[PDB]
Structure formats: C-alpha cells, structure tokens
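Okay, so we've got the same protein chain twice, two forms, each given alone as structure tokens, structure 1 and structure 2.
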Structure 1
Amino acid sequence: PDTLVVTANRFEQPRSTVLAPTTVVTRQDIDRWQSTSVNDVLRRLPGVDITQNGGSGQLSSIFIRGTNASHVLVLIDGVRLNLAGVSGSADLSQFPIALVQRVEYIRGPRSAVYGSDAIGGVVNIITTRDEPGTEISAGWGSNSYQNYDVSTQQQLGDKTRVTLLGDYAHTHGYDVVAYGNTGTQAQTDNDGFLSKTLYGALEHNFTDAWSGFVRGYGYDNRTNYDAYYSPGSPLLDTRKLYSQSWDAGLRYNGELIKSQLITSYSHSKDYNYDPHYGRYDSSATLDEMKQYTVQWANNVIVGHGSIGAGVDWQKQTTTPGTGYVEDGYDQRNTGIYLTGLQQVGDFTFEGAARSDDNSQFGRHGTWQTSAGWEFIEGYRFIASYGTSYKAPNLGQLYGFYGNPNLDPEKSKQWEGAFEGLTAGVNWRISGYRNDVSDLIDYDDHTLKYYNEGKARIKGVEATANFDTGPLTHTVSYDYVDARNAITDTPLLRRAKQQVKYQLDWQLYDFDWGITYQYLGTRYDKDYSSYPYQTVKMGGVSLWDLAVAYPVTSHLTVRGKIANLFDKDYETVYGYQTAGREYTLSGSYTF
C-alpha cells in the first residue's frame, strides 16, 4: 500500500467551537450548488429558516433555531456587517455571492463567543481564499438573469500576493405582489435587482511568521420592490445601497502562539426613494453608517487544546434620520474575551467569557461552556450552556419608533447532543432550549417598540451524512417550537419543521446534485385588513436539480433548475416566490 501524509497547515487558526454545532461551506460547495445569493446557501444548513419578501434582492430574514431575525449575528471576516436600520435585522440578499469564499456558521449556546448578541447563531462570511489562478465566469437564466465575473490571485513578488475581483449581476426579476402592503393599488411591475462588486487585496509575508494585509471592496445594489400606494404621494419603491469596506492587519503565526491585530472601516448608504421625486428629494430615506473596528486576538497552544484572549473596540456613527433618529447617533463599544479548550482522556471541555462596555448601555458579561464525553469509541455526549445579551439599537430607543425605556434582550440557553459514526453514517441528534427575556417587538397600533415578555424555544436538530456507492447524502431535520411564553402563542414566520436533503453523484463525468427541502407549518400576519389576523401557511416540498460538466481541463459548464415542479408557495404572506427558474453558466479557469 502507498502511504499519503496529511500535515496540519499552521496558517489555519481553527476556532474553539469544536464542541458547538457548526457548518462550513466552501467555494466548492457554492460553485456546485450554483447559488446566486447568500440566502440560497444558508437555507441548506441545519437550524436555519429563511424567509424573503420576494426574490433576488428583496429583503430576506434569517431565523436561527426559532430566534428572531435580529438574533443572528452576521460577520464579514470576523467583523459585524454594517447594520443601520431600526429593525436591527441583517438583509443578506444584499451581500454579493461573488465575494463569498467560505461560510462559517454556528448555532446554539456557544455562538455568543463571537459577540454577546448572537442569541440564535453566527454567520461568518469569509471573503478571502488561497487559490492561485484566474477565473472568468458568465451565466444566464430565467427573468433575464445575467452574471459576469473575473477574479485572479497572483504572486506580486515571492512573499507578496494580490487578489482582484469584479462581478456584475442583473435580473429583471418578477412581480413580488406584496399583497396587503401596497395600499390603494398593486404595482404589477417586475421587481429586479442589479448588483456590481469590486474587490482587491494585498498580502505580504515579512517573515515566515509575520504577515501583513490590506484589503478594500465595495458594491452598489439597486433593488425594485412594491410599496404602499396613496394617490398624490411619493411611492418609495426602489432601494440603492452602496457599501465599501477597508481592512488592514498584522499577524504573528508561530508554532504555539498566534496573534492578530486588525483594523476595519466600513461605510454604508442605504436609500429608499421614489424614482419620480428622486433619491435626494425630501421624500427619500437614507440609513448611513460608518463603522470602525479594531480587534486584537491571541491564541496559545496548550496541551490538547488552547487558550485564547483578545480585546476589541468598535465605534458606529450614523447620519441624521438613520433609524429615524432625527440627528443620528454615535455608539462605542470596548470588549474583552477569554476562551479555553482541553481534551482530558475521554472528556473535552470548552469555555468562553466576554465582557462588553457600551457607551450607552454600560457593562455586560456573557459566558458559555461545553463538556463532552466519548463514552464508547466513536460516540459522544456533549452538554452545553450559555448566556447572551442584545441591547436595543439606538433607533429603537430614540428615533420616531422608539421607546427610550426599552430593556436589552437576555438569553439563557442549553443543549444536549449525541454524535456517532455508525456503519458509515456520521450522525448527530440534539435537543435545545432557549429562554429569551424581554423580547422586543414592534407595535402596529402605537408605532413603537416595546418589551413583550419572554420567549421560550424548544428544538431538536438532527443531521446524517453517509455515502451509498457513487451517491453522497447530506441530511438534516429541524423541529422548532418557538413561543411567546406569556401568551403561549407561536412566534411568527418560523417553520415548525424542516427537512433538507442533498444528494450528489457523478456518472460519465457529469456531476449531479439534487436538493430537496420540506418547509413546514408557518404563521404570518395578514396586513390586507386591520386588525391584522394571523394566517397559517401549510408545509411544502421543493426540488432543485443541478449538473456540471468539465468540457476541458480549464472549462466547466453548469446548468440548474430551481423549483423543478414549479411549486407555488410563499415564506412571507403576500410576497410571491420565483416559480421554476433555469440557469446556465460557465467557468474558464487558468
């Protein structure tokens, strides 16, 4: 027999979340799946429930393990994505898929190591890869979809690398309808999305241990949607989002110690306006944020694991009218954290604690722990507990919609999980509970935010992967019971059940993938008449089919059918979904 030897890459820093439920998506997954949006990626993953106010480019919401849309912490290379809105919820419809080289995703009690406000989970979008070469890619699909992309990563000297990327994506989209939300008259226009991106990075090794980088990118997204129509008034119908980020950093990477010092600046401008009155007219809105972050992180290998510690500083400043705060705001935060990981015999322990000092809310601490036992070779029980803490955004206190006495949301959370490897099947099953105090909601009647008591979430997460000959199977099952504990009423837009099933195989050099998804029972609010009633949407099954063929060593052609049975359904009541959609693409590599 030949022996292959795999040596751990020292330039990889794995996180201390080895005990947490986590998923990584690589660029090989994304390429294969032929994803045109970040939502198409996250919807595949366990614990994740995505809704969307239409299709490409329209608002999407992410409910991790029954928690609210603002309870997911979204990071770009370890730093919070600019989020200026009063809702406090990330819209990942606007983040360009062409920048995504990896996704790192965690859920449950351990998530808040990345920031105390990750009540549900953390989504970390990594924009950097190590993949020398050039790729030119192009694609066309339903609803006049078109994409053109070039990216390259090249040696600029012997210890210096440069990465460049440009992407253009356009669709005409379809009519989202927005039933019950369009006031006096429906807008039967197709609601499209145009996204242009640019990215550059420069990395340099000063020695084998010491490296430096500087990076910059931005995108410009224009989205059409449908809105409240009153004759003789502005109809705010279109969104123009501009974003740019600039990062610089120094890393020490030794055998036992690793340290990074990173400085980040992001500037976002989010306009909603009526094209007929214009984008600077008094009728337009602008959410604009400048966010400055400095992180200093350190990790020391200690035995069978490590200890990590670091400090961070963030400042956010928003312009007048952002979050409907008349004059904008300034918010500053200083954080310190400690993490630990150690395998001792058949036991593994992991632990993190963080404290944050906020210019508005003062000082708050959170912490989490996991203890694991491998009680039979290959089989583990892992228990875990943590807290989390999320302060209202200053909009929810001080703007038009605000309530200056809003209290922070606090979460206690536990999980018990078994994992195993049994006859070629890697499986995991866990049950989890999340009690979130002082749950924040928006009141339609009074047009203000309030604390609405406590939420109680109980759930089950089950995963299995296994291979049957030429076929690879990736399966998850989620059950979530998310209720307001005071009224025992189910929280809205969360599916009670989901099933996700990926099936991959190659035959005759064609690489095929089938994606099945079951979206269970969901409640939503009907806005077409006041008082606003709750509707229940039934479960639905959706199918996608994708194929890839390497025409030559440099050229691959790909084709996709999304929603293969053209099933009608909605994740938000009133907002139409695409129906059956075709995509053809090509990638030429060198």
Structure 2
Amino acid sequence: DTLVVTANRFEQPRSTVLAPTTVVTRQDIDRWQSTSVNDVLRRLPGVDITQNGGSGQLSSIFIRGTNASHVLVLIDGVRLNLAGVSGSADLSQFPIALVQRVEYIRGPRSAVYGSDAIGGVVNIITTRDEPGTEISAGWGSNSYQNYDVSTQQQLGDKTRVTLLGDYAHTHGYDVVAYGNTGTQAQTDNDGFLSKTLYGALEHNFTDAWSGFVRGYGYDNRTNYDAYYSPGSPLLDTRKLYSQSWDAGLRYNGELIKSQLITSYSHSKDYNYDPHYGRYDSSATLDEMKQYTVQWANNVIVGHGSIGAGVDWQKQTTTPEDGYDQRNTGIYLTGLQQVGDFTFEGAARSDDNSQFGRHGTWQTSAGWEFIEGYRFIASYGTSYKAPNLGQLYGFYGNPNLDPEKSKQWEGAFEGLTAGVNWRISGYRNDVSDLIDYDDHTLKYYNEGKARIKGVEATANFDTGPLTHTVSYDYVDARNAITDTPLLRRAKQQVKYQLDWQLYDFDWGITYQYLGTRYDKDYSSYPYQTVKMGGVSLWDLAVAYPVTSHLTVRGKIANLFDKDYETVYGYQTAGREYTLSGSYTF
C-alpha cells in the first residue's frame, strides 16, 4: 500500500480504505509517455472520457457513468476551478507537466469534500520529493513538440525549492465538427499551445511542523470550430490563463495530525475569432476567482482515527445577477479496526449561500473472513450544487436545490495465487436532477437517473511479465424514461502489459471502448445515433542510454483505428512521439 491521502484528507494506507482507490505515480506517467491528464485518467477503472477531438479540445469524464460534472476534481486537495457555467472541468487544459501523482478513489465522497464527489474523486497532486534537476522534451506526429526544465533543491536545511517551466505545442489535425460550423467548415488542423510555470517553497520548522508556499500557472491557446454565418464572426479560438497559489501549514505528530490551508485561483478564458476579435466584440470572456480556506484535524485512536474540519469557499465570477458565491462546511471522519472488521465513515453539513443547508454521509464496513480475502459493503450519500447557468441563466432558477445521489456498493477483494483482484457492484440513484422545461424556459430539479455498474480488476505477474487489467460495465439510464444516458460506454476493457528485457523497458496498453450513444446535431430535430465502439493499442519503450539519459518512444493508436468519443469530432489516430530526459 501507499499512504495516499485523499480519502479523509490525511495520510493513511490504501488497504485501509474500503473504497476502490487507484494511484498513479510519476514513474508510471513517464512510462506511459502520457502527454495530457486525459491520457492517464482514461486508463483507470471506471473512467469514461470523451473528446471534441484531440489535444486541447474540451473533454469530459464519466466516472461510473455519472454526469460529467458529477466528479470532483481536486488539485492538491483543492477543488479545481472550472470557470463558466457547467461543472464540467475538462482536464484537457491542465498541464500534465504539473502532475506528480494522481490519487483516485471511486464512489461517493461528499461527506468529506462537499459538492461533486458523486462518482468519485480525482485528486491530482503537483507535489514531489525527489531532488535534482531535469531536462527533457520530445517531438512528433503533428509537429508536436515539448521542452521542459525541472529542479528541486535545498536552500540549507528544512528548506527546499522547486521550479518548473514547460512548453508544449502541436498543430493537431482538423476535427471536422459536423453540427458545429453550420455553413461550411474548418479544413483546418486545430492545434493547442500551452506554456507553464511552477514554483514551490517547502519548509520545516521542525520534524513535526511544516509549511509551504506554491505558485503556478499556464497560458494555453487552442483552436476549435463553432458554427458559421458568412458574416458574421467565427470563434475559432480559445485562450485560457490560469494561476493558483497556495499556502499551508501542517503539523504531523505521533498521534495528532493537523492542516491549515489556503488558496486562491483565478482564470480568465477568452473565446474568439480571429481577426478583429479580442476585444471586439464579439468575444466572450469568462473569468473566475475562487478562494479557499480549510483547517482540519485528525488523530490516532484505536487502530482507527477520528478526524474533523471546517472548510470555506468563495467564488466570485464576473459577468448583473450571478457573481459571488460562498460555501461553508463542517464534517467528521472515522476509521477503525476491530478484529477482521474495518469500519470507515464520514459526514458533513454544508451551508451554501444559494441553496442554504444540505448534508451528507457515508459508511462502509468490511470483513476479512479469510486471510487475504475481504468483503466490503457501503452506503453513501452525495450531491451537486447548481450552476449559475442553471441558476441565473436565461432559463435560470435561483431556487434550485442540489442534485442528490444515493449509492450502494458491494465488493469482494482477494489475494489468490499471486493475483490481486477485486470485484464490485453498485447502484447509484440520482435525483432532483436539474432539467430545463421547454415547458417554461426555467430549469427545475426534476429528473432521476439509475446506475448499475460492475467493476473488476486484477493485477499479477507471470513472466518478468506484469499484468494490470480491468473490466467495467455501466448501465446508466434515465430513471423516469428508462433510456440510456448518452456518451457513455456500457462496456470497457483495459489491459496493460509491462516488462523489462535487455534494457528496454516495454509497455503495451490495450483498451476496448465499448459502443455508445449520442446526438447528431447534423440536423434538427436532433437524433441519437449509436457509435460502434472500438479497440486501441499503443506501444511504448524506454532505454537508459546512459545513466543520466533515458530515451523513449511511443506509437499511439498503433493500428489505425478511426473512431469518435463524440459524434462528429475526429479522434487522433496513429501518432508517434520520440522523447528524452537527462538527469543531474
């Protein structure tokens, strides 16, 4: 196991987390030769992603079949900051260079974190420890190119620093669109450019008390497609800027853990064509500022812990009505162990300045009935806050309540003859779904979803061969009308194969994207169409040409499989990348 700290906010061992958690490390990501967050995520259990194309294009994540806004994305413990009016975050913009570790725990977790923890939680962590300085970059399949410098160091004792800058660029391909340009097209590759900057300070006043400060930021330009009058502007292009800063102290004692954290984030997300735009306009800007403050405690008691915090949010976006919004929550957590029984739980009330008070809880009990074998049940209750669009839009309704989930899940987990496996069943009923009525050009909370999913995983070695495999089946329907929701695969299958030989470290990663259902905007009324669903393979190698130098190479979409995760957006297709790192 591996500590991981994103279940109850403090360190703890995964074994000791009844819910399915998955962790991705740097080694991992470097292996994977991943070039985006999207890449990494798509691999793990329960994740369905979709893309209005290649790199840089919006994207969307469906954890166990919930809506794309029904996931909580945390960066370093802290809600992302998706600006605009749809929960949807789209980690297509979030520089992968920043990523040192992802920690991902599927299932509800609003009783710790609040809103969005409905499917599960994706905590992306920017923080390393792993001193030295590093150069690198790469080249490839669409004049893609990347360069990058890293270091962390000490400035005398109890202090260390960390800087990173990183530049990627690609020209891309046209992604056609097809029901989003109207009269004409693009016949234009729609590229992406991001440039990024990170700094850290890290400091112990002692071997218990510590602090940080961080600051980071990026500056992306990506090009997209739109709709079109001959006219009459486009909106070709998007330009996002985004900075964050944090501060905390921690104290980590033998029994009692504490943290006080702080952070402030501000983006500014221009869309525009492209000629006299800006600035025009003809030119939409969405800006946001989120502030955050949180203080938490835990301590050790039994083979258990108890913990609690308070946790405060302020988001002022800019335009007369939707602008400044505030949340505050207070929760409790508990772990314990008794015999071969674990019990783990959490609860929270939130007070939200639009919709007032709402609360939320979860439980799990496990039973290790034979050594190595273990049976877990869980129950849990989560929610999602209304968005401005829904609230204060043109069909806004500022009285909306949140959207409510209930989830049950059942799992067996075992070691058997060398294989670490798990399998797991869940029902999630969602409700008070926010659903506009043509009806009256207002939204209301009215709609219901059911989800029934199964998650099976395994890992093992045979040779010098390593196997990491999962299967996922998600049956996600509209409860009222009993049709399949959209853009979701009933079925996924993901294998990875790792091994080492001569000095070539090899990986081959397979996935099957099962078939799915969506909308063809080609023509109103708009109809749904069934996408067929498909098999990908990528091939990756690395070599330590020295001792400081690794040199890698990756063929992605190894055969050449055409397909979409969104009807009308062309996906990538076969790409090469050729890449290098020096250390010292």
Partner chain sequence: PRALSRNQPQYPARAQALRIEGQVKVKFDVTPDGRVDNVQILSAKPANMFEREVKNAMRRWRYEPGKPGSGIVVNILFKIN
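Heads up, when I say rigid core I mean the largest set of C-alphas that superpose within 1.5 Å between the two forms. Quick note, the numbers are simply positions in structure 1, starting from 1.
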{"item": "Panel number for the form deposited without the partner chain", "value": "2"}
{"item": "Which one of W367, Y199, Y401, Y271, by Cα shift of 2 Å or more between structures 1 and 2, core superposed", "value": "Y401"}
{"item": "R10 C-alpha relocation of at least 2 Å between structures 1 and 2, rigid core basis", "value": "yes"}
{"item": "Core fit, then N451 C-alpha moves 2 Å or more between structures 1 and 2", "value": "yes"}
{"item": "Core-aligned C-alpha movement of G173 between structures 1 and 2 reaching 2 Å", "value": "no"}
{"item": "Rigid-core-superposed Cα shift at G303 between structures 1 and 2, Å", "value": "1.7"}
{"item": "Core-aligned Cα shift of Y442 between structures 1 and 2, given in Å", "value": "5.9"}
